[PDB]
Structures are given as structure tokens and as C-alpha cells.
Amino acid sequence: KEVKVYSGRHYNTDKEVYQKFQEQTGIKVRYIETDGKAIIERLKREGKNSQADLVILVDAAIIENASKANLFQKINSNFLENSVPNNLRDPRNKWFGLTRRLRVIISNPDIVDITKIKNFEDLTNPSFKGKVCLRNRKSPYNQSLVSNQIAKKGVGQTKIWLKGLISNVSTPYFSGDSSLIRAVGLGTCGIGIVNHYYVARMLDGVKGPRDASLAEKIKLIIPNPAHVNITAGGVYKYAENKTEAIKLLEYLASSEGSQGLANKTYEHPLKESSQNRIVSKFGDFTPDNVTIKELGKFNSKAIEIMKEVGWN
């Protein structure tokens, strides 16, 4: 028995999670961990000749791209259908959330008055002119944040928010979240928007002592209510080992599997907040109930309006 996993989680291997599954079930896990867009392009080109059984992808936008490319087949699993929150899975049962991340506000309290920052709407405050820094629009994480705003506010109000936000940017757009954390830590930026787990990795020494010292200087603000995004898995449309792929997906979505995956990347498990002491110090959050499917629905529109307002 074997199952082949093509995984977009390539921050640092889930080998340990796959080995636990192998040890428990006798099912050999053969995995590839690489960039999610590379996996999607490879599978579109391979079609029926692909060896993928299970596909794991990061961010609502990439899940939407794989869905549009018909990469997944619908599955029936009483375990997944009764265990994965409705808002974090496909209504059509093609993909299922595994871990949760939050895109949050980071601030340098020496450069900005953090008492005036509670939510994304506060970043349009004119007192922050020249103090806001952003990763570029190519980031699915940012596309999904703008999609989240469209879902909840509609295009008109989201465009007003975007114009206010981009008005406060006077720094070239960043090519990653960790570089933006460094700039906020150093104080060249007063405010950024990054995923919560990058702050936790730097605080925990993962990127070396300079990055840890810079991350210690930041104040992380979880918007209330919070924008939640996910990593998800689904069974490949032509999976040879369909039965084994479902068993592995059931394991990954379970309390043991979701904790195993989340603890490797400093993410939150599916049904509980992280017990990691660094992550728990960031505080409690309340989801805004926008579904992951809705984040995909508005992805194209989010890219359009980001381009229109000069989020470059």
C-alpha cells in the first residue's frame, strides 16, 4: 500500500507527520514538497499520467486555482464531513482545510501610536502617512486579504479602503513577509501586514539571532474580527491510490494530524488555537466567518482593484 503526496508546504518537511501515519497504518507515504504553483502546473501537464494521489496547497487563492484547473475529485468521508469546520472546506467536497493562519497587523510602537490600531480600517488614518509598508500584490496572502474585504464590504467600500491604505505607503512593495517584519522591527516601516506564523518563527530563532532581535521589537495586532486563511488537501482527480489518499487526508485533518502539521509551521490547528507559547501570547481571535470558498470567488476582482489603486 502506498500514497503519493504532492505538497505545497515546503517551509520545513512534514516527514515526521507522514512517518507517524506510515507507522500507524503500514501505508508507505511518498511525498514531494515544493512550490504549490509548480505542483498545479505539473499536474495540468500530466493529467491522467500524474502519480499524485493527494495534493496539499497553501492559501485560498492557490486552492481556487487548483479547483478551476479541475485537479480534485469529490470525496465522501463521514469523518471529514463531521470534523472540518464548514467554512474551511469546499461545499462541493473537493478539498478540506488542515491548518489555519491569520494575516495580521505588525507595528513598531516607537514609530506609530499602536493605541490607534485595532483593525485593517484603522490603517487609512492620515497620521500613518509614509508609515505603512506592504508586500506586493503577487502574494496570494494579500490577494486573499483583499478578497476577504470584498466578501464583507463589497467592491465599492473595499476600493475606498484600498485608496486610503495605499495613500499611506511611501516605501517600495516588499517581496516577502519576513523582509517586511525586519523593516518594521528596524523602524524603517511603522506598520506592516504579514502572516502571524512568520513573526513566531523569527521570535523562536528559526532565522537566526538578528531576525529574533528585530521580531522582539514588533507589536502584533490581531484584527477583531480576524481574517483566517488555510492550508488544504484534496484527492487528485485521477488518484491511483484513492483509498489511501482519503485515509491520509482523514489523518491530517484529525486532532493529531492537524496539531502535527500546525506545530511544524507555528500555525493554528483546525478546531483549537495553537498551544505554542509564542503563538498563544499573540492573543485570542474571533473569525469573521468569510468562507475560504468566498476568498477564492473574489480573487480575480481583488487583483483587478489592487492593480487599479497602485498596489504594485
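All residue numbers refer to positions in the sequence shown, first residue = 1.
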Going by the entry, of stretches 268-276 and 250-258 the one with greater average Cα B-factor is 268-276
Per the PDB entry, mean CA B-factor is higher for 239-247 or 281-289, namely for 281-289
Top Cα B-factor in this entry, restricted to 103, 182, 100, 210, sits on 210
Of the residues 148, 107, 136, 82, the one whose Cα carries the largest B-factor in the deposited record is 82
So, residue 27's CA B-factor, relative to its chain, sits in which third? The highest
Entry-reported C-alpha B-factor of residue 201 relative to its chain, by third, is middle
Split the chain's modelled residues into thirds by Cα B-factor; residue 220 lands in the middle
Residue 17: CA temperature factor from the record, placed by chain third, in the highest
Of the three thirds of the chain ranked by Cα temperature factor, residue 37 occupies the middle
